[PDB]
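Peer 1: first portion of the complex, with coordinates as positioned in the assembly:
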Amino acid sequence: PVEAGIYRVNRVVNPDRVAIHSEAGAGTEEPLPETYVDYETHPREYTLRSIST
């Protein structure tokens, strides 16, 4: 259901830019990466269309 005829689909942009750290062995005391999740500033919006007679 759409409450007022407008549907907005929000999407993540650049999913490859989220940085994670994984250790293979003998963990150290190095600084961790700092990141965030970015969104699209112009998401696609759907508005309902009519079929009538």
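Peer 2: Okay, I see it. Numbers count the residues shown, from 1 in each chain, chains lettered A, B, ... in the order given.
Peer 1: do you have the strands of chain A handy? List them.
Peer 2: Using DSSP state E, the strands found in chain A span residues A:6-9, A:12-13, A:38-39, A:44-47.
Peer 1: and these as CSV, adding distance to residue A:23?
Peer 2: Placement of C-beta: from N, CA and C, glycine included. As requested, those are exported to CSV (distance: least, CB to CB, whole Å):
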stretch, distance to residue A:23
strand A:6-9, 37
strand A:12-13, 26
strand A:38-39, 26
strand A:44-47, 40
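Peer 1: need these in TSV with mean neighbour count, can you?
Peer 2: Shown next, in TSV, are the strands of chain A (neighbours: other CB atoms under 10 Å):
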stretch	mean neighbour count
strand A:6-9	10
strand A:12-13	10
strand A:38-39	10
strand A:44-47	10
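Peer 1: so which of the ones you listed gets nearest residue A:29?
Peer 2: Closest to residue A:29 of the strands of chain A is strand A:38-39 (CB to CB; 29.3 Å).
Peer 1: what lies in contact with that closest one?
Peer 2: With contact meaning CB atoms under 8 Å, 6 or more residues apart in numbering, strand A:38-39 is reached by A:10, A:11, A:12, A:13, A:14, A:17.
Peer 1: mind adding chain B? sequence follows:
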Amino acid sequence: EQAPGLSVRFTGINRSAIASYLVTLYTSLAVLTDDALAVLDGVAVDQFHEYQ
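Peer 2: Let me add chain B to what's already shown:
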């Protein structure tokens, strides 16, 4: 406060996944009257006697 006069507080994590804690103690010493304390000075501790 953990013990009377001593406290422990958590401070945070420092971008290296290392946490820190602050441990503090406050103390002092008071002498109410001058004749409650005395000091003997110049005490040698390396002298030995002989028993013949």
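Peer 1: and the residue nearest to residue A:20 when sequence neighbours are not counted, what does it touch?
Peer 2: Of all residues beyond its chain neighbours, the one nearest residue A:20 is residue A:33 (7.2 Å), with distances taken as CB to CB, 6 or more residues apart in numbering or on different chains. Neighbouring residues of residue A:33 by CB atoms under 8 Å, 6 or more residues apart in numbering or on different chains: A:19, A:20, A:21.
Peer 1: make JSON lines out of those and add neighbour count.
Peer 2: Formatted as JSON lines, the contacts of residue A:33 follow (neighbours: other CB atoms under 10 Å in any protein chain shown):
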{"residue": "A:19", "neighbour count": "9"}
{"residue": "A:20", "neighbour count": "7"}
{"residue": "A:21", "neighbour count": "10"}
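Peer 1: nearest residue to the middle of the chain?
Peer 2: All of this is about chain A. Centroid-nearest residue in chain A, with CA atoms, centre = their mean: residue A:12, separated by 2.0 Å.
Peer 1: hey, what's that one bridged with?
Peer 2: Residue A:12 has these beta-bridge partners by DSSP bridges: residue A:39.
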